[PDB]
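First up is the structure itself, then whatever we jot down about it.
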Amino acid sequence: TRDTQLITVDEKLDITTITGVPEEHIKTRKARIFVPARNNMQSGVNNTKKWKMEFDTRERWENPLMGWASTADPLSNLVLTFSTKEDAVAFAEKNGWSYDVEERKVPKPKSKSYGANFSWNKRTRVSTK
Amino acid sequence: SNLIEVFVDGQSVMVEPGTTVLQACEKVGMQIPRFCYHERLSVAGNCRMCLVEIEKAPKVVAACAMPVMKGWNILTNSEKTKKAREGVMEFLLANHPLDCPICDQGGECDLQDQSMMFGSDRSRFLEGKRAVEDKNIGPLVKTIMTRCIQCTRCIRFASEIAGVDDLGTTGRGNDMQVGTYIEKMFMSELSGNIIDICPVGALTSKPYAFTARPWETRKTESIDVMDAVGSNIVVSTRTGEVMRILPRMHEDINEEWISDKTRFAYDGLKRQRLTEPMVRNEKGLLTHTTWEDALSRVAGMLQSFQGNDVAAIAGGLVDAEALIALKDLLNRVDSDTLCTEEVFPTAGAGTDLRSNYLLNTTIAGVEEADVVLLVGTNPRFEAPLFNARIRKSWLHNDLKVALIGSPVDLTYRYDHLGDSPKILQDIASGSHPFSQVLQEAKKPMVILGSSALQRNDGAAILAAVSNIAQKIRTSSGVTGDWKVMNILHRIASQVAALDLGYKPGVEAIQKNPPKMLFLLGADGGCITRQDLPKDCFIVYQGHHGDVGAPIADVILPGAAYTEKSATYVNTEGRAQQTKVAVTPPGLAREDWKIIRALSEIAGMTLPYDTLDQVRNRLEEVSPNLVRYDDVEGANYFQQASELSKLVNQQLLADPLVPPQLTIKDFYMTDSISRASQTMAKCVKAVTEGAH
Amino acid sequence: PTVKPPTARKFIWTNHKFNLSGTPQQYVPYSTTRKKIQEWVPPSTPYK
Amino acid sequence: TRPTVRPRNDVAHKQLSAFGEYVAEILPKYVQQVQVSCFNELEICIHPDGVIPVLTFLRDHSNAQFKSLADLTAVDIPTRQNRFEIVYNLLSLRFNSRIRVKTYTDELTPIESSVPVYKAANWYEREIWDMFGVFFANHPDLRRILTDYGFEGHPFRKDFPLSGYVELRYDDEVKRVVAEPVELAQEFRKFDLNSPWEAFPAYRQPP
Amino acid sequence: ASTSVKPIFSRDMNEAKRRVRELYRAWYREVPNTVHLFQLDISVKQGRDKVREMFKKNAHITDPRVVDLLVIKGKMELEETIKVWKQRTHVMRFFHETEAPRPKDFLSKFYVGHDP
Amino acid sequence: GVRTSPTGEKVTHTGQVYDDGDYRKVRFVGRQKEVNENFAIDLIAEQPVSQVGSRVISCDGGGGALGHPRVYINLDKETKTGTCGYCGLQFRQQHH
Amino acid sequence: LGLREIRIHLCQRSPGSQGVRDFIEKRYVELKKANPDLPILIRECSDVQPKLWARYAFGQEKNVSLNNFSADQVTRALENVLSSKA
Ligand code: SF4
Ligand code: SF4
Ligand code: FES
Ligand SMILES: [K+]
Ligand SMILES: [Zn+2]
């Protein structure tokens, strides 16, 4: 294989000290790892394919001059994308973020029958089309 | 071995018989375009947007309705399919109005998006367009029917899901119109859902009109607290303000629906809010103060009272973290008078066994039942999404439903056995003919409403219903794993309080009136100052000034369910948590942090300083409270029934009357909804009228 | 404009203004929206 | 041909494919994947140990002669175990052709400096170190090049916030510019723009 | 295995620790020049205590590669100071002189806002 | 139009006005509160209703491509006018 | 100073809770008869180690692990709690 002499390191991978993040935004943050829910206003499912990581929402207040929404949270907009739940968890662990994982919610397969609309003796008979 | 082999663009997929072409493409991750098809509605096949080419078949088929046949190769991207989509999209847009800038659907419109992905990029329609009159169907759903594409989703939803047959089509051809023909309001507890299913801007939220565009909103996935179903929701916020509530799919709870109160009562969060601590001044009036001063006043009283001199009542919207914090604080002055407004009989097992106060069959288990007996409940209004599940099973599983109580309109036909509670005696003994139907049933389900347990004879009713359930379950007919006895709760905080060892009801407080009363969001008015010693020191903690706050000595502004990460347990015993969508207003604070801060001032510091720590505390009291999205089964029905028969209590003669008889009683049932201006318009509409 | 005058509108300023910065007529920004959260107003009478 | 559709060049596509196989046959020890894009760009994906050998061969071999290092950059992909993709874009004036060589690394694995092969790489690797935090072994002078002195973090990482963590102002009490945690009078507004409908079937991924 | 990795400079923590102590000595001797050269208003004692505080906060590391990068970054920081690429503002940014002390107890945080 | 609050501050066409105890009105001392005095709600109401002889009429706001997207307005209801969603002009069917 | 509340945590299926499950099925009803006004909260949750919690006056709590206990050991563990205050 390699000509480069490797070493053995059994430490858990932790990069908190070399990321430059302030202490406040490592230990007091909660990361949420989830697959986004489908926007119920539309039938397209293409935004439910990937895993996302977001952070706990913090205060927003009104700017005295204009009424704009101010924030002191540097992570308020950070959203990361991941192929699998395991990739998202691995990223959160090595960055030292506490996290919750929410299992993916796949719609269950349905039994669809057009003929059922015209049942002779069942309640599925439609009164209109 | 019943699966057949079909191909999607040449890739083999094995599907069960009856699978449609559209469902076969789903299995390989290909989403066929659609407008009329909805997987939770009856197939319609009228929009023709799902047309697809079958290899070697000269005619395109409607993928949403065509059953796939063995060996078929579905070409989802052939020129023939693409030309069919372009042709259909062209017809849809010919008469559609140029409304996108003024239409609320813009930015989350399936017509816009499928036009971009599957339609042409230009128009060759050189005529004038159709224009249609608008229909008024109430104060929740705005109609701009010139945008309607006649997909009939709303008609099929109203008929099949909501059980209302007010929507139809009138006329013929290009002038065919969706509506009610006469002037009629589509007032149903599930009406707001026709906004979501409508693919276009024809049906939109009237309260939401013009306020935001979809791309600019932030989505906070959360839980509903308007009832005990625990509907999953998305809270849309923009620049720190709540904008709307949308459903979030959960197959085992609300599917993809929510009730109108869940959808539209959020505007009550902007009114009558408690934003600053308040104390009584020398003139006996509530005046704003600091957190330091308000807590010092409360801490001083708490340090001078012990035992039965201290008590607490928890209202219907309190979270588990706040409940456990208050219980721990009152336990540290050796007080056990931790009460809830909602009664649940303490006779027999009481709250010792979870199975005694849960919906043991679970919401999704209704679809497996073959008989349902409803007792003293109007599920249509107490748990609208649970009632929709019953109608779904009534529709598709031919479920038999019987009701003991007032004959309310459940949106499906049922068997009314009467309203006297003595019928429960007949069914148990076998005298009643319906007793035989339960014995026949393989999977009977008996549901007792928490509202029926507010009667002074609630222990007798629960014993009677449990006697019916146990005579059935421990006998031939039902498997060992099928659970028959169910309680249907209507209060979001009730099950968590029971899990934590609270006393249900305020009988304990009435027996031994206290000198210091904590009202934790308690706005039912069950205990007023006429029931307390003249000098009672009342502390109200909550988010709305309503019933509890006016009579308090100290007001501590807490947060609403949109403003905290809090645990709620639904009627099945499933623990779920909200997420912060916006922070609490003004000086309001997370509710468990108020109690934790109070304990530090009082010299009784609780042993948790973070949310995770107070949740570790929840695990020590009831481990299921931190098992989020899991339903933990509860056993020992026989033991509960043995303790239930020890004391025989006599049923009262008065018939079972649900607190909610008509839709007008549905809209306002808690502090948030009572402050909602939208809910007030709904009450006016159903009472006065459209005028 | 003596040859091709501008189209007349009722809302067009009849009196043009020069740059008002640094004077008492200067523009001062402010939020044009109304208060969003209404706070509860306690009753003006003692409990009892 | 179609006036709005970019025309394909099949001769260049075949030439680049044949040369890609040529490279993979000569350096099997390092080449992991070779691909040619539909707009005719050749990418050689290699094991990170092959940086110096592969780049040296491409520069000096008679049938390659990629004398010019057009650009050297990195890409951060948090979902990968080796989140950092290192991209070398090379130009051959002799054969009027371009090639892209890619490798990978994580936060703790050094990459070998290519300054011996291309002296152009000196500042490009300082920029990668500064912006991504990738260390380059045996670099003559590796240090920040674009960020402020003492700046903490690597701002082109996908998990570094757009507005950073600190901001500057002049403070009259201490008579100097000072750094303080970032507060924004108007928060940056995140927009969700992705359509929930698939745009490109040709790129669909297995479920 | 997946634990067989490429080192940066140190093949184990004992080699890494030597580099840490060498970096610490270099910083320790630089502080008097830095205070003089940048005409800082802090004492040499304050500067050296700040150096010790920075080393202590990373005392819990057990991965030699992480320690290697900490030393690499620490040496870049030292070079910026010695060569006077930094200005006095950059040196004084370690001391947060204009930042008010944020409360640390539960009650004090409770009174001011919503953050834990 | 432009009315005034009890404190003397003008009310904007969006209804904005600092209340009595709002310190933020200090920003207007020695300066002024910019208010636009042509309230569009009052101006559109002055316009007369167009009488047309058909069930459906179209509006593009006038000026062709200088107006708004062309929309078609149904005039079947006789208890109200048809209003243009873009420019607010009103139409009424004559006779029928 | 006396006992205020009893909580029994256990799993529905794990063998480590088999004795606790036996105690409930055989003896809980009799235990509740003798102690009519004592809360005895039985809370089942999958994959938890069984435990007995006793809450005494002024919020003091003791927990006893019941892992792999027999029904009789559970009885004696409950007897000590009911008898000895804390
Ligand atoms: S329904 Fe869709 S396409 Fe029609 S006007 Fe509204 S946003 Fe535009
Ligand atoms: S109103 Fe909406 S849901 Fe109903 S038929 Fe028209 S487009 Fe379909
Ligand atoms: S989705 Fe199949 S015809 Fe409408
Ligand atoms: K809609
Ligand atoms: Zn117009």
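Within each chain, counting starts at residue 1; across the structure tokens, chains are named A, B, ... in the order shown, with ligands numbered 1 upward in that order.
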
Could you give me, as a ChimeraX atom specification, the residues within 7 Å of residue B:597, counting only C-alpha atoms and dropping anything in the same chain fewer than 4 positions from it?
-> /B:593,601 /E:107

Chain B residues near ligand 5 within 12 Å, closest pair each, using only C-alpha atoms and all ligand atoms, as CSV:
```
residue,atom,partner,partner_atom_place_in_ligand_line,distance
B:98,CA,ligand 5,1 (Zn),11.7
B:99,CA,ligand 5,1 (Zn),11.6
B:102,CA,ligand 5,1 (Zn),12.0
```

What would the file look like if the residues just selected were written as a PDB file, in the first residue's frame with C-alpha atoms?
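The result, written out as selection-v1.pdb:
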```pdb
ATOM      1  CA  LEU B  98     -51.958  36.607 -14.680  1.00  0.00           C
ATOM      2  CA  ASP B  99     -52.128  36.871 -10.910  1.00  0.00           C
ATOM      3  CA  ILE B 102     -50.896  39.449  -6.234  1.00  0.00           C
TER       4      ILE B 102
END
```

Using DSSP on the backbone, list every residue of stretch 34-66 of chain D that comes out as alpha helix (DSSP H), and give them as a list in words.
->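 Answer for stretch 34-66 of chain D, restricted to alpha helix (DSSP H): residues 51, 52, 53, 54, 55, 56, 57, 58, 59 and 60 of chain D.
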
Check: which chain A residues lie within 8 Å of chain B using only C-alpha atoms, as an MDAnalysis selection string | chainID A and resid 37:45 56:61 68:69 105 107:108 110:114 117 122:124 128:129

Residue set, chain A restricted to strand (DSSP E or B), as a VMD selection string = chain A and resid 7 to 8 30 to 34 51 to 55 60 to 62 69 to 71 80 to 82 98 to 101

Within 10 Å of residue D:142, counting only C-alpha atoms, which residues qualify if same-chain residues fewer than 5 places away don't, as a compact mmCIF listing (two decimals) with N, CA and C atoms, in the first residue's frame?
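Saved to result-v3.txt:
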```
# COMPACT_ATOMS: atom_id res chain seq x y z
N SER D 113 3.00 19.83 -0.19
CA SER D 113 3.07 21.06 -0.95
C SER D 113 3.55 20.78 -2.37
N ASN D 122 2.66 28.49 -4.37
CA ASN D 122 3.03 29.03 -3.07
C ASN D 122 1.87 29.79 -2.43
N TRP D 123 1.38 30.83 -3.09
CA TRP D 123 0.32 31.63 -2.49
C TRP D 123 -1.02 30.92 -2.52
N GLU D 125 -1.59 27.83 -1.95
CA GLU D 125 -1.68 26.95 -0.79
C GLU D 125 -1.80 27.73 0.51
N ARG D 126 -1.20 28.92 0.58
CA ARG D 126 -1.44 29.77 1.73
C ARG D 126 -2.90 30.17 1.82
N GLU D 127 -3.53 30.45 0.67
CA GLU D 127 -4.94 30.79 0.68
C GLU D 127 -5.79 29.61 1.13
N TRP D 129 -4.86 27.17 3.12
CA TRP D 129 -4.66 27.07 4.55
C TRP D 129 -5.46 28.13 5.29
N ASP D 130 -5.41 29.37 4.82
CA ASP D 130 -6.10 30.46 5.49
C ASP D 130 -7.61 30.26 5.47
N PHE D 135 -3.61 21.97 6.06
CA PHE D 135 -2.17 22.13 6.24
C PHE D 135 -1.42 21.49 5.08
N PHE D 136 -0.38 22.18 4.61
CA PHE D 136 0.45 21.71 3.52
C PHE D 136 1.85 21.45 4.04
N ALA D 137 2.31 20.22 3.90
CA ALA D 137 3.60 19.83 4.46
C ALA D 137 4.74 20.39 3.63
N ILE E 72 1.32 24.61 15.52
CA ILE E 72 1.54 25.29 14.24
C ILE E 72 0.87 26.65 14.26
N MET E 76 2.60 30.50 14.23
CA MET E 76 2.21 31.58 13.32
C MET E 76 1.84 32.83 14.10
```

Determine which residues of chain E sit within 7 Å of chain D, taking into account only C-alpha atoms, and present them as a list in words.
-> residues 6, 8, 65, 66, 76, 77, 86, 89, 90, 93 and 99 of chain E

Considering only C-alpha atoms, tabulate each residue of chain B that lies at most 12 Å from chain E along with its nearest interatomic pair and the corresponding distance in Å to one decimal; arrange the rows by chain and ascending residue number and present them as JSON lines.
```
{"residue": "B:276", "atom": "CA", "partner": "E:111", "partner_atom": "CA", "distance": 11.8}
{"residue": "B:277", "atom": "CA", "partner": "E:111", "partner_atom": "CA", "distance": 11.5}
{"residue": "B:290", "atom": "CA", "partner": "E:111", "partner_atom": "CA", "distance": 8.7}
{"residue": "B:291", "atom": "CA", "partner": "E:111", "partner_atom": "CA", "distance": 6.6}
{"residue": "B:292", "atom": "CA", "partner": "E:111", "partner_atom": "CA", "distance": 7.6}
{"residue": "B:293", "atom": "CA", "partner": "E:111", "partner_atom": "CA", "distance": 11.1}
{"residue": "B:294", "atom": "CA", "partner": "E:111", "partner_atom": "CA", "distance": 11.6}
{"residue": "B:295", "atom": "CA", "partner": "E:111", "partner_atom": "CA", "distance": 10.9}
{"residue": "B:558", "atom": "CA", "partner": "E:114", "partner_atom": "CA", "distance": 11.7}
{"residue": "B:559", "atom": "CA", "partner": "E:114", "partner_atom": "CA", "distance": 10.8}
{"residue": "B:563", "atom": "CA", "partner": "E:114", "partner_atom": "CA", "distance": 10.5}
{"residue": "B:564", "atom": "CA", "partner": "E:114", "partner_atom": "CA", "distance": 10.1}
{"residue": "B:580", "atom": "CA", "partner": "E:114", "partner_atom": "CA", "distance": 11.2}
{"residue": "B:582", "atom": "CA", "partner": "E:114", "partner_atom": "CA", "distance": 11.1}
{"residue": "B:583", "atom": "CA", "partner": "E:114", "partner_atom": "CA", "distance": 7.6}
{"residue": "B:584", "atom": "CA", "partner": "E:114", "partner_atom": "CA", "distance": 8.4}
{"residue": "B:585", "atom": "CA", "partner": "E:114", "partner_atom": "CA", "distance": 10.5}
{"residue": "B:586", "atom": "CA", "partner": "E:113", "partner_atom": "CA", "distance": 9.7}
{"residue": "B:587", "atom": "CA", "partner": "E:113", "partner_atom": "CA", "distance": 8.0}
{"residue": "B:588", "atom": "CA", "partner": "E:114", "partner_atom": "CA", "distance": 9.0}
{"residue": "B:589", "atom": "CA", "partner": "E:114", "partner_atom": "CA", "distance": 6.8}
{"residue": "B:590", "atom": "CA", "partner": "E:114", "partner_atom": "CA", "distance": 7.7}
{"residue": "B:591", "atom": "CA", "partner": "E:114", "partner_atom": "CA", "distance": 11.2}
{"residue": "B:592", "atom": "CA", "partner": "E:110", "partner_atom": "CA", "distance": 11.2}
{"residue": "B:593", "atom": "CA", "partner": "E:110", "partner_atom": "CA", "distance": 7.4}
{"residue": "B:594", "atom": "CA", "partner": "E:110", "partner_atom": "CA", "distance": 8.1}
{"residue": "B:595", "atom": "CA", "partner": "E:110", "partner_atom": "CA", "distance": 11.0}
{"residue": "B:596", "atom": "CA", "partner": "E:106", "partner_atom": "CA", "distance": 8.8}
{"residue": "B:597", "atom": "CA", "partner": "E:107", "partner_atom": "CA", "distance": 6.0}
{"residue": "B:598", "atom": "CA", "partner": "E:107", "partner_atom": "CA", "distance": 9.2}
{"residue": "B:599", "atom": "CA", "partner": "E:107", "partner_atom": "CA", "distance": 10.3}
{"residue": "B:600", "atom": "CA", "partner": "E:107", "partner_atom": "CA", "distance": 7.8}
{"residue": "B:601", "atom": "CA", "partner": "E:107", "partner_atom": "CA", "distance": 8.8}
{"residue": "B:605", "atom": "CA", "partner": "E:106", "partner_atom": "CA", "distance": 10.7}
{"residue": "B:606", "atom": "CA", "partner": "E:106", "partner_atom": "CA", "distance": 11.4}
{"residue": "B:607", "atom": "CA", "partner": "E:106", "partner_atom": "CA", "distance": 11.7}
{"residue": "B:608", "atom": "CA", "partner": "E:106", "partner_atom": "CA", "distance": 10.0}
{"residue": "B:609", "atom": "CA", "partner": "E:106", "partner_atom": "CA", "distance": 6.8}
{"residue": "B:610", "atom": "CA", "partner": "E:116", "partner_atom": "CA", "distance": 6.8}
{"residue": "B:611", "atom": "CA", "partner": "E:116", "partner_atom": "CA", "distance": 8.6}
{"residue": "B:612", "atom": "CA", "partner": "E:116", "partner_atom": "CA", "distance": 11.0}
{"residue": "B:613", "atom": "CA", "partner": "E:116", "partner_atom": "CA", "distance": 12.0}
```

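Those residues of chain D that fall within 7 Å of chain A when using only C-alpha atoms read residues 79, 152, 153, 159, 161, 164, 165, 182, 183, 184, 185, 186, 187, 190, 196, 197 and 198 of chain D.
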
Would you kindly return, as a ChimeraX atom specification, each protein, DNA or RNA residue with an atom no farther than 10 Å from any atom of stretch 2-15 of chain C, considering only C-alpha atoms and excluding same-chain residues fewer than 6 positions away?
-> /F:37-40,43

Would you put the residues from that selection into a file with N, CA, C and O atoms, as a PDB file, in the first residue's frame?
```
ATOM      1  N   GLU F  37     -48.499  62.913   1.683  1.00  0.00           N
ATOM      2  CA  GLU F  37     -49.844  63.425   1.896  1.00  0.00           C
ATOM      3  C   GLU F  37     -50.840  63.000   0.825  1.00  0.00           C
ATOM      4  O   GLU F  37     -52.013  63.368   0.919  1.00  0.00           O
ATOM      5  N   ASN F  38     -50.420  62.239  -0.180  1.00  0.00           N
ATOM      6  CA  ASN F  38     -51.326  61.728  -1.206  1.00  0.00           C
ATOM      7  C   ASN F  38     -51.685  60.294  -0.841  1.00  0.00           C
ATOM      8  O   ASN F  38     -51.057  59.344  -1.301  1.00  0.00           O
ATOM      9  N   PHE F  39     -52.710  60.133  -0.010  1.00  0.00           N
ATOM     10  CA  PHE F  39     -53.119  58.798   0.407  1.00  0.00           C
ATOM     11  C   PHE F  39     -53.743  58.069  -0.775  1.00  0.00           C
ATOM     12  O   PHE F  39     -54.759  58.511  -1.318  1.00  0.00           O
ATOM     13  N   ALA F  40     -53.133  56.954  -1.176  1.00  0.00           N
ATOM     14  CA  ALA F  40     -53.622  56.229  -2.344  1.00  0.00           C
ATOM     15  C   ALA F  40     -55.021  55.676  -2.117  1.00  0.00           C
ATOM     16  O   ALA F  40     -55.788  55.530  -3.070  1.00  0.00           O
ATOM     17  N   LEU F  43     -57.334  58.446  -3.041  1.00  0.00           N
ATOM     18  CA  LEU F  43     -57.260  58.818  -4.449  1.00  0.00           C
ATOM     19  C   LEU F  43     -57.983  57.813  -5.334  1.00  0.00           C
ATOM     20  O   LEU F  43     -58.705  58.199  -6.257  1.00  0.00           O
TER      21      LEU F  43
END
```
